[PDB]
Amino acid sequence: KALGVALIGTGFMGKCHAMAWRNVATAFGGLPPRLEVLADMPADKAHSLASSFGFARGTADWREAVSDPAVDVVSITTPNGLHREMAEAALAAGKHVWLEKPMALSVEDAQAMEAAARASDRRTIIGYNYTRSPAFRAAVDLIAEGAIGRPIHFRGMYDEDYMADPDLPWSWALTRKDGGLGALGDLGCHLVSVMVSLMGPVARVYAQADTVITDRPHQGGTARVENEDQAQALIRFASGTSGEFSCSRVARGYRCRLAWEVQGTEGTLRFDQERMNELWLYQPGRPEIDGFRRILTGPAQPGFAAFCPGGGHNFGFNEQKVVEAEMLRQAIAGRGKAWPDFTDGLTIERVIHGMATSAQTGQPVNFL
């Protein structure tokens, strides 16, 4: 009863999934998942990485990975443009699916995938790995327990500078048709996954966006950048509470600055993913000792004890994916719900596309 695993793609997220599947039973116990099929192109790369990743075989044929009888679950980590075709084929073949974010390039493709997931009766989860840190999970539990009273404001950002260099060449990812959203698709969807986990569903957005580098080098000429480098939005949650939201792929000096804070009637929680082992908690205290606490990640926080019994031994980015794999393992076993599945993921896609629509039309966008 070991879970049979297929992996499609071996890049940033492909290798991250491979490391997660390899150690999920080391951390959490039970039977090690069997690493059956690795799909990647070209074939010589799939063969080489299948060998070093410990997959029983590599193939250049992604459909082989979704249709092998020894496969129960498929990790899909290919470019956004391929997610709908590969996820639907995996569900149609009766496989559980771990799909990297975002779901697809459009709300329409995500809607089709959401319907296909319901029809398949298989488990799905989307790769929102910033919801998996012990610090983030600890913050959600502290809010649930009334540690900061009633939330009254959310402020969140996700700054990186991977596109700040204007000489970085044009690519398909910078077109609407083949790339979908820009910073909202690469980073915004992550901040939404964290924001709605803390504050509940979004009822309304009003957004602005900018393209800072509007044209890029392309084969001796230049081509237009058609999606946003940065976006900001004001939020009304279904609770009526306010929010501030931003993302940027051109924010110089920032590498993984997913940073958020929840202000409540009885305290404040604050976090920055660049220091993912620290959670700042303010609660009213006597005047002589009053102030924010630095909570350093350790075994009191969800998931941490599976990796290390001693506090302050920093939890890493890649271990978030081991926690994500375990949540999908337990969901497949009927011992837990995985979040977000394709239904909860579709809502996230509607929010980021709603922000893009609001920025273009200059109108607030309402949900439900």
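Counting begins at 1, following the sequence as shown.
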When mean C-alpha B-factors in the record are compared for 288 to 296 and 116 to 124, the larger belongs to 116 to 124
Between the two ranges 328 to 336 and 52 to 60, the one averaging a larger CA B factor in the entry
328 to 336
Between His153, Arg132, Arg252, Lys101, where does the Cα B-factor run highest in the record?
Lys101
Would you mind finding, among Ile148, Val140, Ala89, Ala231, the residue with the largest C-alpha temperature factor in the entry?
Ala89
Test of reading the entry: by CA B factor among the chain's modelled residues, which third contains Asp44?
highest
So where's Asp109 on the chain's Cα temperature factor ranking, which third?
highest
Is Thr78 in the lowest, middle or highest third of its chain when residues are ranked by C-alpha B-factor?
highest
Is the Cα B-factor recorded for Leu168 in the lowest, middle or highest third of its chain?
highest
Entry-reported C-alpha B-factor of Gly180 relative to its chain, by third, is highest
